[PDB]
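Heads up: the structure comes next, in structure tokens.
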Amino acid sequence: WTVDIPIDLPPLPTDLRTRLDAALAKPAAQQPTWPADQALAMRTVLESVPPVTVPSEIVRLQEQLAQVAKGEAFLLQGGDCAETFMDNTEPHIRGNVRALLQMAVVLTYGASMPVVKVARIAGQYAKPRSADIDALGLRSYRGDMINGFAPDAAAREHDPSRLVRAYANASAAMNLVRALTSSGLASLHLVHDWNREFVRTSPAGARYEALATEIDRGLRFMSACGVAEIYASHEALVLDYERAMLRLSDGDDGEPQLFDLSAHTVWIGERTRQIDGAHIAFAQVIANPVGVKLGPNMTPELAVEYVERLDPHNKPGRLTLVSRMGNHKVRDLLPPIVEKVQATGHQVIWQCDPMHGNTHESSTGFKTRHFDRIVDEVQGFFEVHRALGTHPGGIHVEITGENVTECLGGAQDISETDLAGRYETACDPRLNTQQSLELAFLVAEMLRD
Amino acid sequence: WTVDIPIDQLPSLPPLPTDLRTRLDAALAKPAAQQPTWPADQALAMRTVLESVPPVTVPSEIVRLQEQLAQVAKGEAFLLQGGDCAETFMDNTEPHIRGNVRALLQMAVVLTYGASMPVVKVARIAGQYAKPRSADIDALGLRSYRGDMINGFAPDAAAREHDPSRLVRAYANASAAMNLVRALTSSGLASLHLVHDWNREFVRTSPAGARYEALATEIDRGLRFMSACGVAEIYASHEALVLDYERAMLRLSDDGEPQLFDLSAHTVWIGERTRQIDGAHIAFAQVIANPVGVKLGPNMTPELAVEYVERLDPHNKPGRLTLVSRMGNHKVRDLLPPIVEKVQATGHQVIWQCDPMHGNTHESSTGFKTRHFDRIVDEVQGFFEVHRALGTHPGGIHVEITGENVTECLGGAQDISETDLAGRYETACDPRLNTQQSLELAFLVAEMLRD
Ligand SMILES: [Mn+2]
Ligand SMILES: [Mn+2]
């Protein structure tokens with residue numbers, strides 16, 4: 001029923017303490033409303049636990065994201081919209097790890113350059129809400145780090161013990177993804193046989209067979225000539241969790257720096273990116289690579305201010321700007337943002353989020369996304385970058401290794417009536433096994449010279 | 001004082017196949033020694049939670065270990081197994097885990113050079129949270145401490161009661177530790193040169209440094225040679241003691257035939273007090289695919305040793321069974337030879353491993369249970385003298401160590417005394433070799449290994 005843990009370390013450098021305290025004294029949107037004394041007790045437990053990631057892996061990610069920023073690699077970021085403790089199981093994790101590897105080999109062939117793989121995993125347990133009371137009149141579900149999905153009042157109370165449950169689930173998952181990435185799942189030939197089974201059994205396989213066959217000949221060629229790292233990420237939302245997981249280490253200049261060891265990279269969402277808020281200030285104090293989500297109310301001028309605050313030393317790949325405009329708005333809204341930022345001399349990664357600007361409620365009462373709109377935003381994103389001569393750096397996608405019925409369309413041609421089949425997401429609709437693979441194939445075509 | 005963390009009750013996955021479960025049932029119907037006395041319905045509730053969690057290890061890693069252990073049994077590799085006697089939840093921290101991983105990597109590079117063949121590294125880590133006790137009642141009049149998977153070290157009645165929620169807390173700690181071990185072995189510690197730079201800092205600052213300096217300099221010259229010519233795996237292990245934990249962690253994988261693996265570790269061993277030939281622990285080791293070890297003490301007969309080979313290695317797979325000698329330094333040269341002769345004649349290929357710690361324990365006048373470095377060294381040496389004389393392979397060592405400057409074992413370069421023991425005796429059970437004493441042993445066994 002309950003685990004019991006008793007409460008009964010070296011100080012930070014004086015300047016890092018001052019800066020951390022100042023970041024956390026700024027106002028913060030979307031925080032849990034639990035008591036400060038209970039939060040503090042939970043953070044004290046987390047301050048001594050083994051970290052989810054280590055500094056050397058974060059420094060290595062930074063070097064790989066620098067190549068992406070310079071136009072010599074591509075970033076694939078993907079996973080569940082919301083991880084749940086309930087589905088934090090071996091089959092679910094393996095299914096997502098495999099999906100990401102499958103998409104990555106397809107994208108690598110299309111881009112003709114390395115693909116950096118960042119999973120939404122081992123921490124994606126918190127979400128923001130526009131309304132604190134939902135459609136059933138209950139306090140809103142804010143992810144398993146905060147409260148329960150169950151539609152009852154007791155379940156929806158904010159519960160600080162979920163910080164520690166979140167850590168435990170994150171460690172366990174990350175342990176498995178490390179294991180899985182040094183196993184036979186690694187092998188590029190095994191990973192691509194899955195894609196060819198997908199081509200054989202998919203209703204739209206004829207659309208993708210030529211490209212699947214060409215990839216298979218590239219792999220066999222490589223072998224005829226004599227011839228896996230998955231990073232963890234989540235939205236840095238709950239500051240009690242992120243601050244508890246900070247650790248001091250010597251950074252890429254040999255001086256002690258603060259690393260958030262809850263993940264390798266984190267991003268700041270649309271509702272928490274206040275320029276003078278705690279999330280942006282917290283991002284300025286940590287050594288991790290960071291991303292900021294940019295929606296349709298973004299100005300070129302605010303985008304530059306984010307770049308100058310978050311990438312003050314002009315470190316290629318330290319900052320990612322994640323575009324989510326809507327498929328009908330991206331072609332008009334993005335170019336002015338890109339031009340103004342390019343002119344600063346900084347090298348950010350431009351990443352497309354084709355999911356969050358394109359959501360709508362179906363007549364059957366399910367929030368859903370159409371495949372054609374998702375594809376069209378990624379396409380428009382590539383067009384904006386071709387015209388300006390800039391690098392389309394990656395995609396940020398929400399997916400699952402399960403055959404869910406959540407997003408409309410694809411090869412399966414999922415309808416409004418089919419959405420009830422198994423709509424399993426705890427939050428936003430995921431592209432299923434098939435639809436995620438389809439998009440990787442379509443984006444690989446977009447990447448071709 | 002303490003916080004209560006809810007154990008989420010989550011949906012079950014498919015059950016294990018019916019045929020394999022029937023066989024597991026027959027096996028666990030045998031009597032099991034040294035088990036927790038918590039209620040069966042509470043135990044069942046916690047097993048059900050553990051049956052659906054992500055595993056600590058995966059099958060492909062275990063079949064890789066079996067391949068490397070096969071090389072050890074054939075005389076082509078050497079086994080290094082070491083870590084804390086008792087892992088605690090309180091010391092399951094980054095610095096402590098990093099100190100133990102580093103110590104293992106430091107010992108392994110020195111042993112690799114001396115043996116002239118690969119060294120397989122198995123940590124006592126990520127699950128060594130349970131132990132037997134001979135005593136009903138300890139010296140304070142309390143129920144005995146049984147390790148963190150069972151009860152608390154603190155000397156009070158409430159802490160000492162058997163708490164099945166500690167099964168789940170043990171899993172969380174094991175998972176978190178393993179995650180860090182995986183990260184550390186693909187990090188800067190992977191560098192052979194970095195690891196041996198710590199060995200040469202050891203030679204520079206040790207009082208006995210002159211004893212190891214020639215050999216340290218030689219290893220450094222070998223690494224630089226390798227570099228001049230143009231030119232990362234640590235496994236988890238523990239004593240399989242608490243069957244509620246080990247059975248909840250069984251998972252299906254494929255010989256080609258469906259099989260159970262214990263995915264709480266890569267390899268497990270059966271101790272001196274639970275190795276009853278007709279008991280549940282040996283029966284459990286029969287059913288699982290993992291490589292296994294059995295501890296063998298002074299009361300072992302060559303005949304009972306042969307009964308272990310026939311129970312635990314029916315298919316004659318080299319390296320599947322490791323027999324772990326712990327005789328006492330004064331008894332090893334007399335007692336071990338006939339056991340080895342009898343086993344070799346069966347035609348099976350076991351790994352012969354030395355445990356020089358557990359046969360050599362004694363209590364000081366100052367009241368601390370401790371071990372003398374000279375007795376520990378003398379048993380590994382006697383172990384090497386036995387195998388040389390029979391023409392068999394001294395397959396590895398099983399040692400209890402830590403990466404901190406503790407005062408638990410007497411002797412070494414620092415010449416730790418009975419008075420020094422009270423400085424920092426930090427073990428939750430047996431006296432461990434500290435950072436320095438561990439390294440010294442590795443250097444001396446490197447000399448033993450030299451051709
Ligand atoms: Mn989402
Ligand atoms: Mn011991």
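For the structure tokens, the naming scheme is as follows: chains receive sequential letters (A, B, ...) according to their order of presentation, residues are indexed from 1 within each chain, and ligands are indexed from 1 in presentation order.
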Up to 8 Å from chain B, what residues of chain A turn up? Count only C-alpha atoms and give them as a PyMOL selection string. chain A and resi 1-8+41-42+48-54+56-57+85-86+88-90+161-162+164-165+168+171-176+178-180+183-184
If you run DSSP on this backbone, which residues of stretch 11-115 of chain B come out as strand (DSSP E), and could you give them as a VMD selection string? chain B and resid 78 to 83
Output for the residues just chosen: N, CA and C atoms as a compact mmCIF listing (two decimals), in the first residue's frame:
# COMPACT_ATOMS: atom_id res chain seq x y z
N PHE B 78 38.92 -14.49 -17.04
CA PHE B 78 38.97 -14.49 -15.57
C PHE B 78 37.78 -13.71 -15.02
N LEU B 79 37.16 -14.21 -13.96
CA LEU B 79 35.97 -13.59 -13.34
C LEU B 79 36.32 -12.75 -12.11
N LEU B 80 35.95 -11.46 -12.15
CA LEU B 80 36.04 -10.55 -11.01
C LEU B 80 34.63 -10.19 -10.54
N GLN B 81 34.32 -10.59 -9.31
CA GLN B 81 33.05 -10.29 -8.68
C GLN B 81 33.31 -9.59 -7.36
N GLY B 82 32.67 -8.44 -7.16
CA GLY B 82 32.91 -7.64 -5.98
C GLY B 82 31.94 -6.49 -5.78
N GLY B 83 31.86 -6.02 -4.53
CA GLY B 83 30.97 -4.93 -4.16
C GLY B 83 30.68 -5.00 -2.68
Report as a PyMOL selection string all protein, DNA and RNA residues lying within 9 Å of residue B:360, evaluated on only C-alpha atoms, omitting residues in the same chain fewer than 5 positions from it. chain B and resi 326-329+370-372+375-376+379
Grab me every residue within 9 Å of ligand 2, counting only C-alpha atoms and all ligand atoms, and send it over as a list in words. residues 84, 85, 86, 131, 357, 358, 399, 400, 429, 430, 431 and 432 of chain B
Limited to N, CA, C and O atoms, could you put the picked residues into a file as an mmCIF file, in the first residue's frame?
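Resulting contents of again_0.cif:
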data_model
loop_
_atom_site.group_PDB
_atom_site.id
_atom_site.type_symbol
_atom_site.label_atom_id
_atom_site.label_comp_id
_atom_site.auth_asym_id
_atom_site.auth_seq_id
_atom_site.Cartn_x
_atom_site.Cartn_y
_atom_site.Cartn_z
ATOM 1 N N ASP B 84 29.696 -4.228 -2.221
ATOM 2 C CA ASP B 84 29.301 -4.204 -0.805
ATOM 3 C C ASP B 84 28.864 -5.575 -0.319
ATOM 4 O O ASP B 84 28.263 -6.321 -1.067
ATOM 5 N N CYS B 85 29.132 -5.889 0.943
ATOM 6 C CA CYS B 85 28.526 -7.061 1.582
ATOM 7 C C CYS B 85 27.017 -6.891 1.579
ATOM 8 O O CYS B 85 26.294 -7.716 1.023
ATOM 9 N N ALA B 86 26.557 -5.797 2.181
ATOM 10 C CA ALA B 86 25.140 -5.439 2.223
ATOM 11 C C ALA B 86 24.914 -4.050 1.620
ATOM 12 O O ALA B 86 25.419 -3.053 2.138
ATOM 13 N N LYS B 131 19.806 -10.932 3.659
ATOM 14 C CA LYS B 131 20.794 -11.826 4.215
ATOM 15 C C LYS B 131 20.144 -12.762 5.230
ATOM 16 O O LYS B 131 19.119 -12.419 5.816
ATOM 17 N N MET B 357 37.000 -14.104 1.722
ATOM 18 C CA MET B 357 36.510 -13.222 2.779
ATOM 19 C C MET B 357 35.759 -14.012 3.855
ATOM 20 O O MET B 357 36.076 -13.910 5.034
ATOM 21 N N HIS B 358 34.759 -14.790 3.443
ATOM 22 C CA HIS B 358 33.777 -15.338 4.390
ATOM 23 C C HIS B 358 34.254 -16.492 5.257
ATOM 24 O O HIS B 358 33.612 -16.806 6.255
ATOM 25 N N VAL B 399 34.807 -11.033 -3.974
ATOM 26 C CA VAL B 399 35.421 -10.220 -2.926
ATOM 27 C C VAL B 399 34.466 -9.110 -2.438
ATOM 28 O O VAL B 399 33.552 -8.707 -3.152
ATOM 29 N N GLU B 400 34.648 -8.650 -1.204
ATOM 30 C CA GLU B 400 33.765 -7.625 -0.626
ATOM 31 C C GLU B 400 34.529 -6.347 -0.393
ATOM 32 O O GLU B 400 35.444 -6.313 0.415
ATOM 33 N N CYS B 429 26.889 -4.996 7.433
ATOM 34 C CA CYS B 429 27.098 -6.415 7.730
ATOM 35 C C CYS B 429 28.603 -6.735 7.825
ATOM 36 O O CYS B 429 29.237 -6.350 8.806
ATOM 37 N N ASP B 430 29.184 -7.396 6.825
ATOM 38 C CA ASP B 430 30.577 -7.845 6.938
ATOM 39 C C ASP B 430 31.610 -6.754 6.628
ATOM 40 O O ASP B 430 31.350 -5.840 5.839
ATOM 41 N N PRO B 431 32.802 -6.870 7.236
ATOM 42 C CA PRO B 431 33.900 -5.921 6.985
ATOM 43 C C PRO B 431 34.383 -5.950 5.529
ATOM 44 O O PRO B 431 34.755 -7.017 5.026
ATOM 45 N N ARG B 432 34.365 -4.792 4.868
ATOM 46 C CA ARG B 432 34.814 -4.675 3.481
ATOM 47 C C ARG B 432 36.244 -4.156 3.391
ATOM 48 O O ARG B 432 36.695 -3.379 4.247
#
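Among the candidates B:39, B:271, B:394, B:222, the residue lying nearest to residue B:73 is B:394 (atoms considered: only C-alpha atoms).
Every protein, DNA or RNA residue with an atom at most 8 Å from stretch 21-34 of chain B, where only C-alpha atoms count and chain neighbours fewer than 6 positions away do not, is listed here: residues 132, 133, 241, 273, 274, 278, 279, 280, 281, 283, 284 and 287 of chain B.
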Would you list, as a ChimeraX atom specification, the residues of stretch 296-406 of chain A that end up in alpha helix (DSSP H) under DSSP run on this structure's backbone? /A:300-310,330-342,371-388
For the selection just defined, write its residues with C-alpha atoms to a file, as a PDB file, in the first residue's frame.
ATOM      1  CA  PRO A 300      10.314  38.068 -34.448  1.00  0.00           C
ATOM      2  CA  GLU A 301      11.363  40.494 -31.677  1.00  0.00           C
ATOM      3  CA  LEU A 302      10.421  38.220 -28.750  1.00  0.00           C
ATOM      4  CA  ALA A 303      12.056  35.231 -30.498  1.00  0.00           C
ATOM      5  CA  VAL A 304      15.387  37.156 -30.592  1.00  0.00           C
ATOM      6  CA  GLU A 305      15.046  38.051 -26.871  1.00  0.00           C
ATOM      7  CA  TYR A 306      14.653  34.327 -26.027  1.00  0.00           C
ATOM      8  CA  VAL A 307      17.781  33.604 -28.124  1.00  0.00           C
ATOM      9  CA  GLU A 308      19.800  36.344 -26.408  1.00  0.00           C
ATOM     10  CA  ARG A 309      18.729  35.286 -22.897  1.00  0.00           C
ATOM     11  CA  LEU A 310      19.061  31.521 -23.470  1.00  0.00           C
ATOM     12  CA  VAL A 330       3.190  28.309 -40.681  1.00  0.00           C
ATOM     13  CA  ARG A 331       3.977  29.523 -44.223  1.00  0.00           C
ATOM     14  CA  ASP A 332       3.083  33.140 -43.358  1.00  0.00           C
ATOM     15  CA  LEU A 333       4.092  33.383 -39.665  1.00  0.00           C
ATOM     16  CA  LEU A 334       7.456  31.568 -39.563  1.00  0.00           C
ATOM     17  CA  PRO A 335       9.629  33.351 -42.221  1.00  0.00           C
ATOM     18  CA  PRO A 336       9.804  36.714 -40.343  1.00  0.00           C
ATOM     19  CA  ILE A 337      10.793  34.854 -37.140  1.00  0.00           C
ATOM     20  CA  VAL A 338      13.561  32.888 -38.926  1.00  0.00           C
ATOM     21  CA  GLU A 339      14.990  35.933 -40.765  1.00  0.00           C
ATOM     22  CA  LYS A 340      15.249  38.061 -37.603  1.00  0.00           C
ATOM     23  CA  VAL A 341      16.933  35.243 -35.624  1.00  0.00           C
ATOM     24  CA  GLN A 342      19.330  34.298 -38.415  1.00  0.00           C
ATOM     25  CA  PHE A 371      -2.957  13.361 -40.562  1.00  0.00           C
ATOM     26  CA  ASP A 372      -3.152  15.661 -43.624  1.00  0.00           C
ATOM     27  CA  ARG A 373      -2.800  18.775 -41.427  1.00  0.00           C
ATOM     28  CA  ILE A 374       0.159  17.310 -39.551  1.00  0.00           C
ATOM     29  CA  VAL A 375       1.861  16.468 -42.864  1.00  0.00           C
ATOM     30  CA  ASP A 376       1.004  19.864 -44.300  1.00  0.00           C
ATOM     31  CA  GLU A 377       2.609  21.810 -41.435  1.00  0.00           C
ATOM     32  CA  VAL A 378       5.884  19.823 -41.733  1.00  0.00           C
ATOM     33  CA  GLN A 379       5.752  20.429 -45.489  1.00  0.00           C
ATOM     34  CA  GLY A 380       5.180  24.180 -45.074  1.00  0.00           C
ATOM     35  CA  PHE A 381       8.014  24.229 -42.541  1.00  0.00           C
ATOM     36  CA  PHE A 382      10.374  22.715 -45.161  1.00  0.00           C
ATOM     37  CA  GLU A 383       9.168  25.251 -47.784  1.00  0.00           C
ATOM     38  CA  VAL A 384       9.862  28.192 -45.443  1.00  0.00           C
ATOM     39  CA  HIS A 385      13.415  26.911 -44.904  1.00  0.00           C
ATOM     40  CA  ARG A 386      14.135  26.150 -48.595  1.00  0.00           C
ATOM     41  CA  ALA A 387      13.160  29.722 -49.533  1.00  0.00           C
ATOM     42  CA  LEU A 388      15.336  31.357 -46.841  1.00  0.00           C
TER      43      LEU A 388
END
Compile a residue-level contact table for chain A against ligand 1 at a cut-off of 7 Å, reporting for every qualifying residue the shortest atom pair and its distance in Å to one decimal, with only C-alpha atoms and all ligand atoms counted, rows ordered by chain and ascending number, as a tab-separated table.
residue	atom	partner	partner_atom_place_in_ligand_line	distance
A:81	CA	ligand 1	1 (Mn)	4.3
A:82	CA	ligand 1	1 (Mn)	6.9
A:356	CA	ligand 1	1 (Mn)	6.5
A:398	CA	ligand 1	1 (Mn)	6.7
A:427	CA	ligand 1	1 (Mn)	6.7
A:428	CA	ligand 1	1 (Mn)	4.9
Got time to write the residues from that selection, N, CA, C and O atoms, as a compact mmCIF listing (two decimals), in the first residue's frame?
# COMPACT_ATOMS: atom_id res chain seq x y z
N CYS A 81 2.40 11.64 -25.62
CA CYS A 81 2.05 12.98 -25.15
C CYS A 81 2.22 13.05 -23.64
O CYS A 81 2.91 13.92 -23.11
N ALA A 82 1.57 12.12 -22.95
CA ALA A 82 1.65 12.02 -21.50
C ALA A 82 2.04 10.58 -21.12
O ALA A 82 1.36 9.64 -21.51
N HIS A 356 0.63 20.25 -32.14
CA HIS A 356 -0.07 21.11 -31.18
C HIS A 356 -0.79 22.33 -31.76
O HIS A 356 -1.65 22.90 -31.09
N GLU A 398 4.39 13.35 -31.41
CA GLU A 398 3.82 12.56 -30.33
C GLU A 398 3.25 11.28 -30.90
O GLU A 398 2.37 11.32 -31.75
N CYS A 427 -3.85 12.23 -22.44
CA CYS A 427 -3.99 13.63 -22.81
C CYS A 427 -4.28 13.79 -24.33
O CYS A 427 -5.40 13.52 -24.77
N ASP A 428 -3.28 14.20 -25.12
CA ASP A 428 -3.49 14.49 -26.54
C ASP A 428 -3.42 13.22 -27.39
O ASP A 428 -2.75 12.26 -27.00
Need the shell around residue B:125: protein/DNA/RNA residues with any atom at most 7 Å away, counting only C-alpha atoms. Skip same-chain ones fewer than 2 positions apart. Format as a ChimeraX atom specification? /B:83,123,127-128,236-238
For residue A:416, find every residue with an atom within 12 Å (counting only C-alpha atoms), except residues of its own chain fewer than 6 positions away, and show them as a PyMOL selection string. chain A and resi 360-370+405-409+423
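Summary of the local environment: counting only C-alpha atoms, residues at most 6 Å from residue B:162, other than itself and those fewer than 5 positions away along its chain, are residues 38, 150 and 151 of chain B.
With atom CA of residue A:238 on one side and atom CA of residue A:25 on the other, the separation reads 14.4 Å.
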